[PDB]
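Next comes upload21.txt, a file with compact mmCIF, C-alpha atoms and all ligand atoms.
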# COMPACT_ATOMS: atom_id res chain seq x y z
CA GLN W 29 17.90 -17.53 21.90
CA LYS W 30 15.14 -17.44 19.26
CA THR W 31 14.96 -15.10 16.26
CA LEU W 32 11.81 -13.75 14.61
CA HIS W 33 11.98 -13.06 10.85
CA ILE W 34 9.58 -10.41 9.54
CA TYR W 35 8.97 -9.48 5.87
CA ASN W 36 7.19 -6.12 5.62
CA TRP W 37 6.75 -3.27 3.17
CA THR W 38 9.38 -0.55 3.03
CA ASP W 39 8.69 2.67 4.95
CA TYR W 40 6.05 0.80 6.91
CA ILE W 41 7.16 0.83 10.58
CA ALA W 42 8.47 3.24 13.16
CA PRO W 43 12.29 3.38 13.45
CA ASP W 44 12.13 2.03 17.01
CA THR W 45 9.20 -0.41 16.82
CA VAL W 46 11.47 -3.43 16.36
CA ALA W 47 14.03 -2.31 18.96
CA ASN W 48 11.26 -1.71 21.50
CA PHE W 49 9.99 -5.21 20.79
CA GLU W 50 13.42 -6.76 21.29
CA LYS W 51 13.94 -4.95 24.61
CA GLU W 52 10.55 -6.01 25.98
CA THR W 53 10.62 -9.67 24.93
CA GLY W 54 14.29 -10.62 24.53
CA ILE W 55 13.44 -11.93 21.03
CA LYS W 56 15.95 -11.00 18.33
CA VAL W 57 14.28 -9.73 15.16
CA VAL W 58 15.58 -9.93 11.60
CA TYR W 59 13.61 -7.41 9.51
CA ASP W 60 13.59 -7.50 5.68
CA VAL W 61 11.53 -5.31 3.34
CA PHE W 62 9.90 -5.43 -0.10
CA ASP W 63 7.94 -2.88 -2.11
CA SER W 64 5.66 -5.16 -4.12
CA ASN W 65 2.92 -7.72 -3.58
CA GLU W 66 4.15 -9.79 -6.53
CA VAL W 67 7.64 -10.01 -5.02
CA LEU W 68 6.16 -11.23 -1.72
CA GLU W 69 3.63 -13.55 -3.38
CA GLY W 70 6.37 -15.00 -5.57
CA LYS W 71 8.37 -16.08 -2.52
CA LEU W 72 5.25 -17.41 -0.80
CA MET W 73 4.39 -19.55 -3.84
CA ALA W 74 7.83 -20.74 -4.95
CA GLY W 75 9.19 -22.16 -1.72
CA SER W 76 10.13 -21.57 1.89
CA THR W 77 10.40 -17.87 2.67
CA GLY W 78 12.03 -18.37 6.08
CA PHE W 79 9.80 -15.58 7.45
CA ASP W 80 7.62 -16.01 10.53
CA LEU W 81 5.36 -13.06 9.61
CA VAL W 82 4.74 -11.44 6.22
CA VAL W 83 2.56 -8.47 5.33
CA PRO W 84 0.54 -8.90 2.09
CA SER W 85 -2.42 -6.89 0.90
CA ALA W 86 -5.80 -8.40 1.77
CA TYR W 87 -6.72 -9.15 -1.85
CA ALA W 88 -3.38 -10.88 -2.43
CA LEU W 89 -3.84 -12.82 0.81
CA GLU W 90 -6.92 -14.35 -0.84
CA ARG W 91 -4.85 -15.81 -3.71
CA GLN W 92 -2.21 -17.07 -1.29
CA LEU W 93 -4.80 -18.82 0.90
CA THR W 94 -5.92 -20.98 -2.03
CA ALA W 95 -2.37 -22.38 -2.14
CA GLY W 96 -2.28 -23.08 1.60
CA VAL W 97 0.76 -20.92 2.25
CA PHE W 98 -0.54 -19.62 5.59
CA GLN W 99 -1.59 -21.16 8.82
CA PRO W 100 -4.65 -20.15 10.88
CA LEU W 101 -4.09 -17.58 13.60
CA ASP W 102 -4.73 -19.07 17.03
CA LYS W 103 -7.08 -16.42 18.44
CA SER W 104 -6.47 -17.62 22.01
CA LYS W 105 -2.85 -16.42 21.62
CA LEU W 106 -4.07 -12.95 20.54
CA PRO W 107 -5.97 -11.77 23.65
CA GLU W 108 -6.00 -8.14 22.41
CA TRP W 109 -7.58 -9.13 19.07
CA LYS W 110 -10.61 -7.11 20.25
CA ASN W 111 -8.75 -3.84 19.58
CA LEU W 112 -9.22 -4.31 15.81
CA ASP W 113 -11.92 -2.42 13.93
CA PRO W 114 -14.91 -4.71 13.22
CA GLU W 115 -15.79 -2.77 10.07
CA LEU W 116 -12.17 -3.14 9.02
CA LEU W 117 -12.28 -6.84 9.97
CA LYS W 118 -15.44 -7.37 7.91
CA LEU W 119 -13.80 -5.69 4.91
CA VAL W 120 -10.76 -7.96 5.28
CA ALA W 121 -13.14 -10.88 5.82
CA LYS W 122 -14.21 -10.69 2.17
CA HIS W 123 -10.70 -11.95 1.37
CA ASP W 124 -10.19 -13.95 4.59
CA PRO W 125 -13.51 -15.50 5.64
CA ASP W 126 -14.10 -15.28 9.39
CA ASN W 127 -10.71 -13.49 9.66
CA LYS W 128 -9.00 -16.83 10.26
CA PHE W 129 -5.56 -16.08 8.78
CA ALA W 130 -4.79 -12.35 8.78
CA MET W 131 -4.46 -9.43 11.18
CA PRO W 132 -5.37 -6.05 9.62
CA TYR W 133 -2.29 -3.87 9.97
CA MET W 134 -2.67 -0.61 8.03
CA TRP W 135 -4.97 0.70 5.31
CA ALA W 136 -4.80 3.55 2.82
CA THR W 137 -5.53 4.56 -0.78
CA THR W 138 -3.67 4.79 -4.10
CA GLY W 139 -3.80 8.33 -5.48
CA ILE W 140 -1.61 11.14 -6.79
CA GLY W 141 1.33 12.57 -4.89
CA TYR W 142 2.62 15.78 -6.37
CA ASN W 143 4.87 18.80 -6.00
CA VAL W 144 2.35 21.57 -5.33
CA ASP W 145 4.46 24.50 -6.49
CA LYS W 146 5.97 22.89 -9.59
CA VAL W 147 2.56 21.58 -10.73
CA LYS W 148 1.09 25.04 -10.27
CA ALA W 149 4.08 26.49 -12.12
CA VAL W 150 3.73 24.14 -15.10
CA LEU W 151 -0.06 23.83 -15.29
CA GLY W 152 -1.09 27.07 -13.56
CA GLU W 153 -2.94 27.45 -10.28
CA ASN W 154 -6.05 25.83 -11.82
CA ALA W 155 -4.24 22.53 -12.35
CA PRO W 156 -6.62 19.55 -11.86
CA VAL W 157 -5.05 18.44 -8.57
CA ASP W 158 -8.47 17.08 -7.54
CA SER W 159 -8.60 14.75 -10.55
CA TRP W 160 -6.73 11.91 -12.25
CA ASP W 161 -6.53 14.29 -15.24
CA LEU W 162 -3.32 15.56 -13.65
CA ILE W 163 -1.40 12.39 -14.50
CA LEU W 164 -3.64 10.28 -16.77
CA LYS W 165 -4.50 12.88 -19.41
CA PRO W 166 -1.75 12.88 -22.08
CA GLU W 167 -1.95 16.64 -22.65
CA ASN W 168 -1.08 17.09 -18.96
CA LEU W 169 1.61 14.40 -18.85
CA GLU W 170 3.24 15.96 -21.93
CA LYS W 171 3.62 19.21 -19.98
CA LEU W 172 4.85 17.48 -16.80
CA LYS W 173 7.32 15.11 -18.46
CA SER W 174 10.38 17.26 -17.79
CA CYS W 175 9.75 17.79 -14.11
CA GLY W 176 9.37 14.02 -13.56
CA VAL W 177 6.46 11.56 -13.67
CA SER W 178 6.47 8.17 -11.94
CA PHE W 179 3.97 5.31 -11.96
CA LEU W 180 3.81 2.48 -9.46
CA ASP W 181 5.48 -0.72 -10.63
CA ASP W 182 2.21 -2.52 -9.98
CA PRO W 183 0.06 -3.77 -12.89
CA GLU W 184 -3.10 -4.31 -10.84
CA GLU W 185 -3.04 -0.77 -9.43
CA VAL W 186 -2.21 0.94 -12.72
CA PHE W 187 -4.77 -0.96 -14.77
CA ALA W 188 -7.51 -0.57 -12.16
CA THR W 189 -6.93 3.19 -12.09
CA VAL W 190 -6.81 3.48 -15.90
CA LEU W 191 -9.98 1.45 -16.46
CA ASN W 192 -11.78 3.48 -13.77
CA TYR W 193 -10.53 6.70 -15.37
CA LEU W 194 -11.90 5.51 -18.72
CA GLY W 195 -15.32 4.89 -17.22
CA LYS W 196 -14.77 1.13 -17.17
CA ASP W 197 -15.18 -1.19 -14.21
CA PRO W 198 -11.91 -0.89 -12.20
CA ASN W 199 -12.06 -4.68 -11.86
CA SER W 200 -13.15 -5.33 -15.45
CA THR W 201 -13.49 -8.99 -16.44
CA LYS W 202 -13.55 -8.22 -20.19
CA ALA W 203 -10.16 -8.71 -21.83
CA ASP W 204 -10.95 -6.15 -24.56
CA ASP W 205 -10.93 -3.43 -21.88
CA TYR W 206 -7.26 -4.13 -21.11
CA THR W 207 -5.85 -4.75 -24.62
CA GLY W 208 -7.96 -1.99 -26.14
CA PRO W 209 -8.62 1.29 -24.36
CA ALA W 210 -6.47 0.65 -21.26
CA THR W 211 -3.36 -0.17 -23.31
CA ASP W 212 -4.15 2.67 -25.73
CA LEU W 213 -4.09 5.36 -23.02
CA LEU W 214 -1.00 3.98 -21.29
CA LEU W 215 0.95 3.94 -24.56
CA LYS W 216 -0.06 7.57 -25.09
CA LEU W 217 1.16 8.30 -21.55
CA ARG W 218 4.20 5.98 -21.69
CA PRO W 219 6.68 8.40 -23.39
CA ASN W 220 6.15 10.97 -20.60
CA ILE W 221 6.65 8.53 -17.69
CA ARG W 222 10.17 8.73 -16.27
CA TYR W 223 10.06 5.34 -14.52
CA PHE W 224 7.83 2.66 -13.03
CA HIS W 225 8.75 2.20 -9.37
CA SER W 226 6.87 1.74 -6.09
CA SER W 227 9.35 3.17 -3.62
CA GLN W 228 11.89 5.50 -5.24
CA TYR W 229 9.16 8.13 -5.77
CA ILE W 230 9.13 8.89 -2.03
CA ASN W 231 12.58 10.47 -1.89
CA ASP W 232 12.22 11.82 -5.44
CA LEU W 233 9.09 13.70 -4.38
CA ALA W 234 10.78 14.88 -1.18
CA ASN W 235 13.82 16.26 -3.05
CA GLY W 236 11.90 17.86 -5.94
CA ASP W 237 13.16 15.35 -8.52
CA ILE W 238 9.73 14.19 -9.70
CA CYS W 239 6.60 16.34 -9.69
CA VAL W 240 3.75 13.81 -10.12
CA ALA W 241 3.54 10.20 -8.99
CA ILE W 242 1.09 7.38 -8.69
CA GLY W 243 1.66 6.80 -4.99
CA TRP W 244 0.40 5.11 -1.88
CA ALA W 245 -1.07 7.72 0.45
CA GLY W 246 1.17 7.30 3.49
CA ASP W 247 4.20 7.07 1.18
CA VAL W 248 3.46 10.56 -0.16
CA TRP W 249 2.82 12.13 3.24
CA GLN W 250 6.17 10.68 4.30
CA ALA W 251 7.68 12.42 1.28
CA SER W 252 5.97 15.64 2.37
CA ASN W 253 7.27 15.21 5.91
CA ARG W 254 10.85 14.45 4.87
CA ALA W 255 11.01 17.60 2.71
CA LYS W 256 9.74 19.66 5.65
CA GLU W 257 12.32 18.06 7.96
CA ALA W 258 15.05 18.80 5.41
CA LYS W 259 13.92 22.45 5.28
CA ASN W 260 14.32 22.33 1.49
CA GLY W 261 11.20 24.34 0.68
CA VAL W 262 9.72 21.49 -1.37
CA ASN W 263 5.90 21.40 -1.03
CA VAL W 264 4.50 17.86 -1.48
CA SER W 265 0.81 16.92 -1.21
CA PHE W 266 -1.45 13.94 -1.90
CA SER W 267 -4.76 13.76 -3.76
CA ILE W 268 -7.53 11.18 -3.52
CA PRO W 269 -9.02 12.19 -6.88
CA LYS W 270 -12.70 12.98 -7.40
CA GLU W 271 -13.06 10.08 -9.85
CA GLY W 272 -12.49 7.54 -7.06
CA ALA W 273 -9.41 5.70 -5.96
CA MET W 274 -8.09 2.31 -5.03
CA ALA W 275 -8.44 1.46 -1.33
CA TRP W 276 -6.57 -1.44 0.26
CA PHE W 277 -5.73 -3.18 3.53
CA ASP W 278 -2.35 -4.67 4.42
CA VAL W 279 -2.49 -7.54 6.89
CA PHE W 280 -0.02 -9.53 8.92
CA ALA W 281 -0.11 -13.24 8.12
CA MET W 282 1.84 -16.25 9.40
CA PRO W 283 3.39 -18.56 6.76
CA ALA W 284 2.40 -22.20 7.18
CA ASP W 285 6.05 -23.26 7.58
CA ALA W 286 6.95 -20.47 10.02
CA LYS W 287 9.65 -21.68 12.39
CA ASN W 288 8.98 -19.50 15.44
CA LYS W 289 5.20 -19.30 15.74
CA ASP W 290 5.23 -18.43 19.45
CA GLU W 291 7.51 -15.43 18.90
CA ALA W 292 5.37 -14.44 15.91
CA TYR W 293 2.28 -14.39 18.10
CA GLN W 294 4.19 -12.17 20.53
CA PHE W 295 4.86 -9.64 17.79
CA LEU W 296 1.22 -9.71 16.66
CA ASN W 297 0.09 -9.05 20.22
CA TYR W 298 2.68 -6.27 20.36
CA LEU W 299 1.16 -4.71 17.23
CA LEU W 300 -2.32 -5.01 18.78
CA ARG W 301 -1.24 -2.77 21.64
CA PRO W 302 -2.87 0.63 21.05
CA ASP W 303 0.17 2.76 21.92
CA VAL W 304 2.52 0.63 19.80
CA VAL W 305 0.51 0.83 16.56
CA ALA W 306 -0.42 4.49 17.04
CA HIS W 307 3.30 5.27 17.31
CA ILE W 308 3.65 3.60 13.91
CA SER W 309 0.87 5.65 12.29
CA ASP W 310 2.50 8.82 13.63
CA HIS W 311 5.72 7.96 11.75
CA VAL W 312 4.48 6.33 8.53
CA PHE W 313 1.40 8.58 8.07
CA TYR W 314 -0.81 5.53 7.56
CA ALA W 315 -4.14 4.68 9.12
CA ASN W 316 -3.93 1.62 11.35
CA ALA W 317 -6.78 -0.88 11.68
CA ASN W 318 -6.85 -0.60 15.48
CA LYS W 319 -10.07 0.96 16.76
CA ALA W 320 -8.62 1.30 20.25
CA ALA W 321 -5.49 3.09 19.00
CA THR W 322 -7.14 5.89 16.99
CA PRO W 323 -7.28 8.54 19.79
CA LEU W 324 -3.58 7.93 20.46
CA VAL W 325 -2.61 8.74 16.84
CA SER W 326 -1.27 12.27 16.38
CA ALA W 327 -3.76 14.96 15.42
CA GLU W 328 -1.53 15.71 12.43
CA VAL W 329 -2.16 12.18 11.11
CA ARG W 330 -5.70 11.56 12.39
CA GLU W 331 -7.05 14.90 11.19
CA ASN W 332 -5.44 14.48 7.72
CA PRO W 333 -8.31 13.68 5.30
CA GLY W 334 -5.76 12.05 2.98
CA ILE W 335 -4.95 9.46 5.67
CA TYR W 336 -8.22 9.01 7.62
CA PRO W 337 -10.50 10.10 4.77
CA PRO W 338 -14.04 11.31 5.62
CA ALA W 339 -17.22 9.52 4.56
CA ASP W 340 -17.71 11.47 1.32
CA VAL W 341 -14.24 10.39 0.21
CA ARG W 342 -14.78 6.81 1.36
CA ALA W 343 -17.91 6.47 -0.80
CA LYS W 344 -15.74 6.96 -3.93
CA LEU W 345 -13.27 4.16 -3.13
CA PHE W 346 -13.13 0.72 -4.72
CA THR W 347 -11.10 -2.40 -3.84
CA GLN W 348 -9.07 -4.88 -5.87
CA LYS W 349 -10.66 -8.04 -7.26
CA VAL W 350 -8.73 -11.26 -7.70
CA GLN W 351 -8.87 -11.77 -11.47
CA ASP W 352 -9.21 -15.23 -13.02
CA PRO W 353 -6.27 -16.64 -15.04
CA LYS W 354 -7.75 -15.35 -18.33
CA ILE W 355 -7.84 -11.71 -17.23
CA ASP W 356 -4.59 -12.14 -15.32
CA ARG W 357 -2.88 -13.23 -18.55
CA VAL W 358 -4.33 -10.41 -20.66
CA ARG W 359 -3.53 -7.78 -18.05
CA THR W 360 0.00 -9.01 -17.38
CA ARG W 361 0.79 -9.16 -21.11
CA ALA W 362 -0.45 -5.62 -21.79
CA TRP W 363 1.50 -4.42 -18.73
CA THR W 364 4.78 -5.80 -20.13
CA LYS W 365 4.04 -4.24 -23.53
CA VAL W 366 3.39 -0.93 -21.75
CA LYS W 367 6.59 -1.01 -19.68
CA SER W 368 8.69 -1.43 -22.82
CA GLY W 369 6.92 1.30 -24.84
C1 LIG E 1 22.31 -3.34 16.25
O1 LIG E 1 21.14 -3.95 16.73
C2 LIG E 1 21.33 -4.73 17.90
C3 LIG E 1 19.93 -5.26 18.37
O2 LIG E 1 19.84 -5.07 19.80
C4 LIG E 1 18.57 -5.37 20.42
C5 LIG E 1 18.41 -4.48 21.75
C6 LIG E 1 17.29 -3.44 21.61
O3 LIG E 1 18.15 -5.31 22.95
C7 LIG E 1 17.22 -6.40 22.87
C8 LIG E 1 18.03 -7.79 22.83
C9 LIG E 1 18.56 -8.23 24.23
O4 LIG E 1 17.14 -8.80 22.30
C10 LIG E 1 17.54 -9.43 21.07
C11 LIG E 1 19.08 -9.73 21.07
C12 LIG E 1 19.38 -11.23 20.96
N1 LIG E 1 19.71 -9.06 19.96
CL CL E 2 -6.68 -5.18 -0.10

Translate the structure described by the file into structure tokens.
Amino acid sequence: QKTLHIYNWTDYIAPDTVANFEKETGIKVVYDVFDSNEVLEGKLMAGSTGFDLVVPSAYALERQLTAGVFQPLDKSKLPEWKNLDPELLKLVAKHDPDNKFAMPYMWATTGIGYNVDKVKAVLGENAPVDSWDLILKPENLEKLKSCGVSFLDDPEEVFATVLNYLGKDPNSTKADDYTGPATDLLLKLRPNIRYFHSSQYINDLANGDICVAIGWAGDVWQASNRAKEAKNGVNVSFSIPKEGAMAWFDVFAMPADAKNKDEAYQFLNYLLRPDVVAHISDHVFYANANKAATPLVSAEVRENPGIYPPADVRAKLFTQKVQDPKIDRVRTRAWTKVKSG
């Protein structure tokens, strides 16, 4: 009896995906979760994770490759690899040349999740729900403080969105951008932010406990779906703001010391099956990278422009750059200053 260990994001799989895999293959699966790239990268850099598959973002995969923490995917053991989107593969290939190490899993954006009715009650029906002004303008955050504001606990996301909102390069390589105007705005916003967290905001949005969040798109639509299932009358939506937004790709990768490579390949081939990965998108409200699976995804998910955004919305998106150690230092320092007010 072999056991496959999988380290994935929270709220990032269907409730029966793993059980259906165990039944089909006889492989026992141990499934652990994280809600942060730095948590996952920390384990990948510090020692032996014990995981056979992990799921980092494509840009973070690039940093991890330079340390040799992954092993190349044997394409002959992934016969269904052809189901993956070539335009999505080419986008991942900027971080993983020739797509040698990673399998694109899901992709989405980083925008604003919000309580529609409470926002409209606090800021009126003309609230800037189409703009980052909703959560990055201090005059607005001062009004929304009491209903609850959350930011992701992710320095790269927050700083990229703040610099973009200030008219700077989202991936600015000038330290004065981070210590100056980026830190200045965050400190003005900081007293109105209830907490920095990358997963608690899902149930807090669903229950009406926070009214505006920096959120990952599928996370927020899950919040909206849970509230509807609970019949609590809470109205949650998601905005890809008109100023542009962070877009990203999460990929499956195989750690270089993975114990059960053969079983890991079996799970990757399982994920490549169109019905399997469409079932996941139906439940997590995330776009998968499987071109063959798209028609099998629910109309509710596929026709949602906040999940499968149209071309006008795609033209506004930017992706995360791997910053050199100088900018990494500056950004990380300012982030810690910001978290402690
Ligand atoms: C409470 O969770 C029990 C998991 O049960 C797995 C079910 C679906 O069957 C698949 C089995 C035969 O394969 C893996 C075995 C070794 N655990
Ligand atoms: Cl990415």

### Task
Find the residues near ligand CL 2 (chain E). Use a cut-off of 9 Å, count all atoms listed in the file, and write them as an MDAnalysis selection string.
chainID W and resid 84:89 119:120 123 135 275:279 347:349

What would the file look like if the residues just selected were written as a PDB file, keeping the file's coordinate frame with C-alpha atoms?
ATOM      1  CA  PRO W  84       0.540  -8.900   2.090  1.00  0.00           C
ATOM      2  CA  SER W  85      -2.420  -6.890   0.900  1.00  0.00           C
ATOM      3  CA  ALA W  86      -5.800  -8.400   1.770  1.00  0.00           C
ATOM      4  CA  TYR W  87      -6.720  -9.150  -1.850  1.00  0.00           C
ATOM      5  CA  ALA W  88      -3.380 -10.880  -2.430  1.00  0.00           C
ATOM      6  CA  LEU W  89      -3.840 -12.820   0.810  1.00  0.00           C
ATOM      7  CA  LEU W 119     -13.800  -5.690   4.910  1.00  0.00           C
ATOM      8  CA  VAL W 120     -10.760  -7.960   5.280  1.00  0.00           C
ATOM      9  CA  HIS W 123     -10.700 -11.950   1.370  1.00  0.00           C
ATOM     10  CA  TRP W 135      -4.970   0.700   5.310  1.00  0.00           C
ATOM     11  CA  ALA W 275      -8.440   1.460  -1.330  1.00  0.00           C
ATOM     12  CA  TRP W 276      -6.570  -1.440   0.260  1.00  0.00           C
ATOM     13  CA  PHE W 277      -5.730  -3.180   3.530  1.00  0.00           C
ATOM     14  CA  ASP W 278      -2.350  -4.670   4.420  1.00  0.00           C
ATOM     15  CA  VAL W 279      -2.490  -7.540   6.890  1.00  0.00           C
ATOM     16  CA  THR W 347     -11.100  -2.400  -3.840  1.00  0.00           C
ATOM     17  CA  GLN W 348      -9.070  -4.880  -5.870  1.00  0.00           C
ATOM     18  CA  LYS W 349     -10.660  -8.040  -7.260  1.00  0.00           C
TER      19      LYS W 349
END

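Closest approach to residue W:80 among W:360, W:92, W:53, W:99: W:99, based on all atoms listed in the file.
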
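Nearest-residue note for residue W:207: choosing from W:340, W:44, W:356, W:153, the minimum distance belongs to W:356, counting only C-alpha atoms.
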
Please list as a ChimeraX atom specification every residue within 12 Å of residue W:295, counting only C-alpha atoms and excluding residues in the same chain fewer than 4 positions away. /W:31-34,45-50,52-57,80-82,105-106,108,131,280-282,288-291,299-301,304-305

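Straight-line separation from atom CA of residue W:365 to atom CA of residue W:229: 22.2 Å.
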
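Atom CA of residue W:258 is positioned 20.6 Å from atom CA of residue W:147.
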
Across W:235, W:77, W:38, W:65, the smallest distance to residue W:252, with all atoms listed in the file counted, is shown by W:235

note - atom CA of residue W:241 and atom CA of residue W:175 are separated by 11.1 Å

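Comparing W:219, W:96, W:369, W:272 by their smallest distance to residue W:139, the closest is W:272 (using all atoms listed in the file).
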
Using all atoms of stretch 346-350 of chain W that appear in the file, construct an axis-aligned enclosing box with 5 Å of padding on every side and provide its centre coordinates and edge lengths in Å, rounded to one decimal, as lines of an AutoDock Vina configuration file.
center_x = -10.9
center_y = -5.3
center_z = -5.8
size_x = 14.4
size_y = 22.0
size_z = 13.9

Q. Do you know which residues are at most 12 Å from residue W:319 counting all atoms listed in the file, after dropping those on the same chain fewer than 2 positions away, and could you put them as a PyMOL selection string?
A. chain W and resi 108-117+132-134+300-303+305-306+315-317+321-325

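Checking W:138, W:313, W:341, W:263 one by one against residue W:327, counting all atoms listed in the file, you find the shortest gap at W:313.
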
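Using all atoms listed in the file, the nearest neighbour of residue W:364 within the list W:220, W:318, W:267, W:211 is W:211.
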
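Using all atoms listed in the file, the residues found no farther than 10 Å from residue W:199, other than those of its own chain fewer than 5 positions away, are residues 184, 187, 188, 189, 191, 192, 346, 347, 348, 349, 350, 351 and 355 of chain W.
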
Keeping C-alpha atoms, export the residues of the selection given above as a compact mmCIF listing (two decimals), in the coordinates of the input.
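What landed in result-v4.txt:
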# COMPACT_ATOMS: atom_id res chain seq x y z
CA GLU W 184 -3.10 -4.31 -10.84
CA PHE W 187 -4.77 -0.96 -14.77
CA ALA W 188 -7.51 -0.57 -12.16
CA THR W 189 -6.93 3.19 -12.09
CA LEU W 191 -9.98 1.45 -16.46
CA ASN W 192 -11.78 3.48 -13.77
CA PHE W 346 -13.13 0.72 -4.72
CA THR W 347 -11.10 -2.40 -3.84
CA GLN W 348 -9.07 -4.88 -5.87
CA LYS W 349 -10.66 -8.04 -7.26
CA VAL W 350 -8.73 -11.26 -7.70
CA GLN W 351 -8.87 -11.77 -11.47
CA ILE W 355 -7.84 -11.71 -17.23

Point to revise | residue W:250 surroundings by all atoms listed in the file, 9 Å radius, close-in-sequence under 5 positions cut, as JSON, numbers by chain | key: {"W": [39, 230, 231, 234, 245, 255, 311, 312, 313]}

Which neighbours of residue W:170 fall inside 10 Å, counting only C-alpha atoms, when residues of the same chain fewer than 2 positions from it are skipped, and could you give them as a PDB file with C-alpha atoms, in the coordinates of the input?
ATOM      1  CA  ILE W 163      -1.400  12.390 -14.500  1.00  0.00           C
ATOM      2  CA  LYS W 165      -4.500  12.880 -19.410  1.00  0.00           C
ATOM      3  CA  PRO W 166      -1.750  12.880 -22.080  1.00  0.00           C
ATOM      4  CA  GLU W 167      -1.950  16.640 -22.650  1.00  0.00           C
ATOM      5  CA  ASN W 168      -1.080  17.090 -18.960  1.00  0.00           C
ATOM      6  CA  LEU W 172       4.850  17.480 -16.800  1.00  0.00           C
ATOM      7  CA  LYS W 173       7.320  15.110 -18.460  1.00  0.00           C
ATOM      8  CA  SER W 174      10.380  17.260 -17.790  1.00  0.00           C
ATOM      9  CA  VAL W 177       6.460  11.560 -13.670  1.00  0.00           C
ATOM     10  CA  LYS W 216      -0.060   7.570 -25.090  1.00  0.00           C
ATOM     11  CA  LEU W 217       1.160   8.300 -21.550  1.00  0.00           C
ATOM     12  CA  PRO W 219       6.680   8.400 -23.390  1.00  0.00           C
ATOM     13  CA  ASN W 220       6.150  10.970 -20.600  1.00  0.00           C
ATOM     14  CA  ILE W 221       6.650   8.530 -17.690  1.00  0.00           C
TER      15      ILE W 221
END
